[PDB]
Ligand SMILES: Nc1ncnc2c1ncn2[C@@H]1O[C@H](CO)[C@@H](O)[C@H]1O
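Heads up, the chain below is alone and in the form deposited without the named molecule; it's given as structure tokens.
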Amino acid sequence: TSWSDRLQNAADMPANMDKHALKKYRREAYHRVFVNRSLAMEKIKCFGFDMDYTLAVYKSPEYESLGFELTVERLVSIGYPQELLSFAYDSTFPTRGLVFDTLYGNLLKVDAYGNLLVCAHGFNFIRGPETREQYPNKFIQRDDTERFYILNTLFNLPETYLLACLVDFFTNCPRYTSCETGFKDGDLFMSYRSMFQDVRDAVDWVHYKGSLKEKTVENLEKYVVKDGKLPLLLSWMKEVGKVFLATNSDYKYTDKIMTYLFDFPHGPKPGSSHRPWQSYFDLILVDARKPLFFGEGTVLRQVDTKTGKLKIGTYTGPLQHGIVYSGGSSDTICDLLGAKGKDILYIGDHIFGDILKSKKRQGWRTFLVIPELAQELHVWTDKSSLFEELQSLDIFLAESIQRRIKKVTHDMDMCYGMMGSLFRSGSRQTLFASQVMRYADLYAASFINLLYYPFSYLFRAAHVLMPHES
């Protein structure tokens, strides 16, 4: 069972709008909203959304596998070897947020300070001592962006696996000689950096010029979670405030996906007239180019919604009914909706490009969707005894049996996958976890979990104290 299986199972449930019944849904950790900083929902006047992996949650592992297959096919078409066609996506390998080291060709899981938690070269997991040869301080400088690329989006899951497949393939194929920074094929030398760049370019190509969008929209039932509670929640938001869409996607793709998401024989609730998806938004903006959107942005354009093309010129007119915007900036949204940053709850999955930047640059309130949480929670609670044991062992130090710490850390981590939990390795939190705590005011497996809280709800987190204050 994947995380999207959980989401789709919860999606198939009709709501019961009884206040006591919605409150009781928050028994299950799966339906909760989690709180890093306090947020009085009564002060939120605008709810903003990203589309991909937020409103449109792509089913796993099917969508990752499609991306993988198309990326492989593109690499083969530009001259990579035919053996790539025998690879098959394996959802049990990648965890999101890994760092590809382009110098040595390793995937690294790191903490918020760049300390190594896991190091794999292809499919070989390198133990601590062997790691010191390449990482003498078991540390990387993660802002050396020429060397390290952080794979922190769900769209990066197929390339996370593909990088490891490629390193493994070239290492074990006798045509190539393994060197410390790449592979030698006679008078050709393929550095891990060049290989990585080829992969990154191919993933981009598949999204922008290849068939990924076309294949997705041909079979939306296969590729996209659909939930009758989406229209209901968005309708309740629009009763208390304004609702907006700000997506990097183009209008044509957005319209196909959103039409599908709202394709039920009813509107917000069963028995109600169906309403077009656009009627749920006070403001619709596509081609947003986030993160640049949260600084200078690009010029504000208007979409000709009959053709899907942009009208010629910068749009200088007012917010009007039926208009669709393209480009612009986060200030556009504030100005057109008459909002200040703290009046906005922005709902998205991109912990950097959206959540971090909207928070740091604009002081927006933030809700982070983490699709994997649906499955990470099941593992966390199910294997709570292992972590409890780890926490007991860490305590038990009067000042060997640190290999029991390593064993239990290994067994815990393997329950999540080969690269472990998104949030930790044993007792050490990942960079991704630290970024979630720092920049996501609220988070959950789905934003639909807001359905289970009233709009006057006060989401509370404990006041933080420094060590000398404690």
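All residue numbers are counted from 1 along the displayed sequence.
If you look for the form solved in complex with the named molecule, you will not find it shown, but the lines that follow are about it.
Q: Sort through 362, 216, 278, 152 and report the residue having a heavy atom within 4.5 Å of the named molecule in the deposited bound form.
A: Residue within 4.5 Å of the partner: 152.
Q: Among the candidate residues 301, 96, 142, 74, which is the single one with a non-hydrogen atom no more than 4.5 Å from the named molecule in the deposited bound form?
A: Contact check passes for 142.
Q: Going by heavy atoms within 4.5 Å, which of 318-326, 182-190, 142-150, 270-278 lines up against the named molecule in the deposited bound form?
A: Heavy atoms within 4.5 Å of the named molecule in the deposited bound form occur in 142-150.
Q: Tell me, yes or no, whether residue 45 is in contact with the named molecule in the deposited bound form, where a contact means a heavy atom of each within 4.5 Å.
A: Answer no; every heavy atom of residue 45 is more than 4.5 Å from the named molecule in the deposited bound form.
Q: May I ask you to check whether residue 127 falls inside a 4.5 Å heavy atom distance of the named molecule in the deposited bound form?
A: Flag for residue 127 set to yes.
Q: Is there a non-hydrogen atom of residue 334 within 4.5 angstroms of a non-hydrogen atom of the named molecule in the deposited bound form?
A: Residue-level check for residue 334: no, no contact with the named molecule.
Q: Given that the named molecule is not shown alongside this chain, does residue 356 nevertheless sit within 4.5 Å of it in the deposited bound form, heavy atom to heavy atom?
A: Result yes; residue 356 sits at the interface with the named molecule in the deposited bound form.
Q: Would the named molecule in the deposited bound form be within 4.5 angstroms of a non-hydrogen atom of every residue among 232, 242 and 305?
A: Looking in the deposited bound form, the three residues 232, 242 and 305 all stay beyond 4.5 Å of the named molecule (heavy atoms).
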